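Undergrad: Structure here, sequence nowhere to be found:
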Ligand SMILES: [Pt+2]
């Protein structure tokens, strides 16, 4: 009986831990990237790989938000929230670091939310 | 550590026919570590860490597009990062496509 309870709790905690962080990714508009990284993550689960998603988000964003790019793309506006737009005299702030801090907030969000519903079921 | 205002110029010119190349030149003081080319919308930018010593008092960076189209036209300006602080932005340059 204990085994089945632990397994059901692990399943419930995985499915619920991912939803809050999908909120996190569509707040960054990982939705608009035409690579398809977002849809891929949602199909393959494994929510705590989100910091992985981070590095690709940087590469793609750099390409699509460059001063070189042909046309306007929705994701570029999120940079202002990231804080990578500099006031004169300010520190440099690396985009990849800001993206990782966003999704580390998302991931510890997810872990401590999943810890409660792991114990709740049993 | 006050950082001087950088400057933008366009080579060969401000006005480019569609399909031709143009190069944006950002110039600042010696020892700038990063140069950033910016459009009217501040979130659209390119960073580069190759800077070349032009002079004992100046340094520059180059952003080229191999052929323009009507989406490239607009306002452009530079900022540089040197010695722990970002600089002030340069004056705008408008490149127009023909
Ligand atoms: Pt830096």
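TA: Structure's in. What do you need? Numbers count the residues shown, from 1 in each chain, chains lettered A, B, ... in the order given.
Undergrad: tell me the residue furthest from the middle of the chain?
TA: Using chain A. Each residue of chain A has a distance to the centre, and by C-alpha atoms, centre = their mean the biggest one is for residue A:1: 35.4 Å.
Undergrad: what separates it from residue A:7, distance-wise?
TA: According to C-beta to C-beta, to the nearest Å, residue A:1 and residue A:7 sit 11 Å apart. Using the backbone N, CA and C atoms, a C-beta is placed for each residue, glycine as well.
Undergrad: Residue A:114 too?
TA: From residue A:114 to residue A:7 the distance is 14 Å (C-beta to C-beta).
Undergrad: just checking, residue B:59 touches residue B:32?
TA: Yes - counting by C-beta atoms under 8 Å, residue B:32 is a contact partner of residue B:59 at 5.4 Å.
Undergrad: Quick check: phi and psi on the most centrally placed residue in chain B?
TA: With distances taken as C-alpha atoms, centre = their mean, residue B:26 lies nearest the centre of chain B, 3.8 Å away. The phi and psi torsions at residue B:26 (degrees, to the nearest 10) take the values phi -100, psi 120.
Undergrad: Against residue B:20, how distant is it?
TA: Counting by C-beta to C-beta, the gap from residue B:26 to residue B:20 is 20 Å.
Undergrad: How about the residues of chain B by chain A?
TA: The interface of chain B toward chain A, taken as C-beta under 8 Å from any C-beta of the partner chain, is made up of B:34, B:37-39, B:41-46, B:63, B:65, B:69, B:71-72, B:76, B:79, B:81, B:84-89.
Undergrad: what about burial for these, which qualify?
TA: Buried by 16 or more other C-beta atoms under 10 Å in any protein chain shown: B:34, B:37-39, B:41-46, B:63, B:65, B:72, B:76, B:79, B:81, B:85-87, B:89, out of the residues of chain B next to chain A.
Undergrad: Enumerate every residue touching residue A:24.
TA: Residue A:24 makes contact with A:50, A:102, A:103, A:105, A:106, A:109 under the criterion C-beta atoms under 8 Å, 6 or more residues apart in numbering or on different chains.
Undergrad: Now with 10 Å, please.
TA: Residues in contact with residue A:24 (C-beta atoms under 10 Å, 6 or more residues apart in numbering or on different chains) are A:30, A:50, A:53, A:102, A:103, A:105, A:106, A:107, A:109, A:110.
Undergrad: Can you tell me the closest non-neighbouring residue to the third one?
TA: Think residue A:53. The spatially closest residue to residue A:53, leaving aside those adjacent along the chain, is residue A:41, at 5.8 Å (C-beta to C-beta, 6 or more residues apart in numbering or on different chains).
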